[PDB]
Structures are given as C-alpha cells and as structure tokens.
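A look at the structure
Spelled out, the chains give:
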Amino acid sequence: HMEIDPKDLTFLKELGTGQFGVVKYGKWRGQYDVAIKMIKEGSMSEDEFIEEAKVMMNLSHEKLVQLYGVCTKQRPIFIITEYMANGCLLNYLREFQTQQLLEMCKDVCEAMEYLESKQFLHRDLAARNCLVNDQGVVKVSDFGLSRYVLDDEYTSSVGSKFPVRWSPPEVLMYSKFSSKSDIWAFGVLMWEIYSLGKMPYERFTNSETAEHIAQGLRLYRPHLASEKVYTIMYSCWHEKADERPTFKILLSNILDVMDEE
Ligand SMILES: Cc1c(-c2c(F)cc(C(N)=O)c3[nH]c4c(c23)CC[C@H](C(C)(C)O)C4)cccc1-n1c(=O)c2cccc(F)c2n(C)c1=O
C-alpha cells in the first residue's frame, strides 16, 4: 500500500476524460511528472481495486506504465501513474516505417511477458490503453482495471463498450479469461499497429464479429505487415487457447523477425 498525500500533487493541465472521468497532468512531490486519474463515483469498485493496488505497485517493468500510488481517503479516489506525453497508441498511430511498427509490438510484448511471468492478467489489452512516451516508446497501461469496472455498457458481452473485437471465443462463450485471452488481444493489437489504428472488423457490428470469429474467420493481413509478421499475429488467434503461444515465445519470434528484416 502506497498512499499518496494529495497535498504533494500539483494539477497543471487537463488531459481529457477517460472511462473513469477526468485525467490531469501534474507533478508529485516536485519530482515526478504524473497522470492523475480522478475516479468518478459509481464507475469503479474502489474497495476491490484498492486491495489489488498493492499487487499493482509491485509490478515494475520498463514497458509497463508505473503505478506510483493512490489517494483513497476521499471520493473521488485518485490513481497516480507515470506520465506518457504522447498519449494513447491509437491516436499516435492515427496521426512510420515498418521497423518502427515492429518495435512497438516488441515494447508491448516485453511488458506482457513480464505480466505473464507474474500470472497477472491485463484483461483488456488494446491500442487505446497502450501509451507512448516522449521518445516513442510504447508501454502497457490500465492492466487489470477492467475487472473493477461497474458500467454495464463495458461489462456485459452485448454492451456497446465491451471489447468484442479483442476477445477470443472462450471469452465470448464463457467469460473465461487467462493468459491466453491476453495473447489473443495482443494479436489484435499487432493488427491495429500494422493497420495504423483502423478498427478491427470495421465492416461488422459486435454481434456479426462474434459470429465471424465462431466460423473460424480472422482479420486479414494488413499491407504493412510482412508474411513473417502476420504469421506471428495469426498464431495468437488459434481457436484453442492451449495452442496459442506464450508471450515468452512471441517475444522470441518478434526478435527473430527484427534481426532478419
Ligand atoms: C488515454 C487518455 C488519457 C490519458 C491517460 F489516461 C493517461 C496518460 C498518462 N499516463 O500520461 C495520458 N497522457 C496523455 C493522455 C493520457 C491523453 C493525451 C495527452 C496529450 C498531451 C497527447 O494530449 C497525453 C486521458 C484522457 C483520455 C484518454 N483516452 C484517449 O485519449 C482515447 C483516444 C482514443 C480512443 C480511446 F478509446 C481513448 N480513451 C478511452 C481514453 O481514455
């Protein structure tokens, strides 16, 4: 537990509004640049999140957005994190050489291999919650947070905000989350990266996407992805969770394609 005193925070710029409300840029104890997420009441199970936040502090990796602490002796609670000046990867992609696109995949895969080693599920990996720092390094953010979301539009499988397009068959059929459902989502993320932020299965509704996936249909090769890169993303989408690679394997596959291309 790392309780941050709000008196040690400054509020310097408004970054916008996310799923949980207002996000600000500020400084913590004049030392760290931070993002301050102000968690609107009724949007998150705070008690359950606060228990898990102690586990989230201990997660430390260069490619994971660092949790610095929380402000919980008030409502709304604040989540204090590492500041990523270029915002989310989806908007960064939408605003590159093929080598830079693979380095973005490598960055995320390093973070995911670390989470996989800690048996910590992200649960909602996608370009919208990967963040980009001032040097163009991509880092994974909001890992594990979707388990504490209270809005039905995000939690229900038929909700308007459920990430159907990033979900494997066992999630759509049984809500069975595992390291292998994070692998599936990672493949969709690689597709997003190589498609410069296009929506996956854009031609389909969420209901039509679940049906397409049930028939064995998969996302097509983006033109910026080579055959070797597409083989990696496609390996993430095996119908059987047990036949999907680990993040450890994926990272080795990515490093091989980099050295070769
Ligand atoms: C990421 C995000 C943040 C956000 C955050 F949380 C954490 C940090 C960090 N740790 O530093 C952070 N840093 C910056 C932002 C930001 C935003 C951009 C800033 C600049 C300086 C570049 O203007 C820099 C804040 C509000 C909304 C969203 N946001 C989006 O911007 C977004 C887009 C498409 C699609 C989506 F789904 C999106 N969603 C849902 C969403 O929450």
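Definitions and cut-offs
- Residues numbered from 1 in each chain as written, not as in the entry; some residues may be left out.
- Heavy atoms only, no water.
- Residues with missing side-chain atoms left out of burial classes, pairs and counts.
- Pairing = 2+ DSSP bridges.
- Helix = DSSP H or I, 4+ residues; strand = E, 2+ residues; numbered from the N terminus.
- Domains from an automatic or database assignment.
- Contact = heavy atoms within 4.5 Å.
- Salt bridge = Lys/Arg side-chain N within 4 Å of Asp/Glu carboxyl O.
- Axes fitted to C-alpha atoms, helices over the stretch in contact; angles between N-to-C directions.
- Parallel < 35°, antiparallel > 145°, perpendicular 65-115°, else oblique.
- Left-handed = near helix turned anticlockwise from the far one by under 90°.
- Nonpolar A, V, L, I, M, F, W, Y, C, P; charged D, E, K, R; others polar.
- Polar contact = N/O pair within 3.5 Å; in protein donor to acceptor, adjacent residues only side chain to side chain.
- UniProt positions renumbered as here; feature names shortened; annotations may be inferred.
- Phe/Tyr/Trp six-rings, centres within 6.5 Å; stacked < 30°, edge-to-face > 60°.
- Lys NZ or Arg CZ within 6 Å of the ring centre and 35° of its normal.

What follows deals with the pairing of strand β2 (residues 21-28). Summarising the sheet, strand β1 (residues 9-18) and β2 pair through eight bridges and their orientation is antiparallel. For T10, the partnering residue across the bridge sits in β2 and is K27. The antiparallel hairpin formed by β1 and β2 contains two residues in its connecting segment. By the bridge criterion, six bridges tie β2 to strand β3 (residues 32-39) in an arrangement that is antiparallel.

This part takes up the domain arrangement of the protein. In terms of domain boundaries, the protein breaks down into domain 1 (1-83) and domain 2 (84-261). Contact with domain 1, which involves 22 residues of that partner, is made by 23 residues of domain 2. Tallying contributions element by element places helix α1 (residues 46-57) first for the side of domain 1 that touches domain 2, with five residues.

This brings us to the pattern of salt bridges. Note on pairing: side chains with opposite charge can pair once their charged atoms come close. For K63, the salt bridge is made with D107, and the minimal N-O distance between the two is 3.0 Å. In this structure, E82 engages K139 in a salt bridge whose closest nitrogen and oxygen atoms are separated by 2.8 Å. Salt bridges sharing partners connect three or more residues here, namely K63, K106, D107 and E110.

Looking now at the packing of helix α3 (residues 98-117) against helix α6 (residues 179-194). When two helices pack together, their arrangement is captured by the angle between the axes and the distance separating the axes. Orientation of α3 relative to α6, taken along the N-to-C sense of each, is 165 degrees, at an axis distance of 10 Å. Compared by their axis directions, α3 and α6 come out roughly antiparallel. Between α3 and α6 lies a crossing whose hand is right-handed. Residues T98, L101, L102, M104, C105, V108, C109, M112 and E116 of α3 form the contact with α6, whose own contacting residues are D182, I183, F186, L189, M190, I193 and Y194. The class makeup of the residues in the contact of α3 with α6 is 13 nonpolar, one polar and two charged.

Right, let's get into the side chain of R165. Looking at the secondary structure, you find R165 in the loop between α4 (152-155) and α5 (169-174). Apart from residues no more than four positions distant in its own chain, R165 is found in contact with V188, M199, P200, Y201, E202, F204, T205, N206 and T209.

Time to look at the environment of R244. One can find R244 in the loop between α8 (227-235) and α9 (247-260). Along the chain, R244 and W184 lie 60 residues apart, while their C-alpha atoms are 8.0 Å from each other. The contact partners of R244, leaving out residues within four places of it in the chain, are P168, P169, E170, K180, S181, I183, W184, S235, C236, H238 and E239. Within polar-contact distance, the side chain of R244 engages the side chain of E170 at 2.8 Å. At a separation of 3.0 Å, a polar atom in the side chain of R244 contacts the main-chain carbonyl oxygen of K180.

UniProt's entry tags residues 184-191 with the feature "short sequence motif: CAV1-binding", counted in the numbering of this structure. Helix and strand shares over residues 184-191 are 100% and 0% respectively, and the end C-alpha atoms of the span are 11 Å apart.

A separate point is the packing of aromatic side chains. Ring centres of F186 and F247 lie 5.6 Å apart, and the angle between their planes is 80 degrees; on these two criteria the pair is classed as edge-to-face. Separated by 61 residues along the polypeptide, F186 in helix α6 and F247 in helix α9 bring together distant segments of the chain. Chaining the aromatic ring pairs together yields one cluster made of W28, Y32 and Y68. Positioned over the ring face of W28 is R29, at 4.6 Å from the centre of the ring.

Strand order in the open sheet formed by five strands is β1-β2-β3-β5-β4, with antiparallel pairing between adjacent strands. Only two strands of the sheet have a single partner each, and these edge strands are β1 and β4 (67-71). Adjacent strand axes in the sheet meet at a mean angle of 25 degrees, parallel and antiparallel pairs treated alike. Together, β4 and β5 (77-82) form the strand contacts of α1, whose direction differs from that of β4 by roughly 150 degrees.

Here we come to the environment of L115. As for its position among the elements, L115 is in helix α3. Between the alpha carbons of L115 and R203 there is a distance of 33 Å; along the sequence they are 88 residues apart. Apart from residues lying up to four places away in sequence, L115 is in contact with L59, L64, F120 and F143.

So, about unusual backbone geometry. A cis geometry characterises the amide bond from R75 onward to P76, with omega recorded as 0 degrees. Relative to the helices and strands, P76 resides in the loop between β4 and β5. Phi at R29 is positive, roughly 45 degrees, even though this residue is not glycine. Backbone geometry places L196, a non-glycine residue, at a positive phi of 55 degrees. With respect to the element layout, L196 can be found in the loop between α6 and α7 (206-214).

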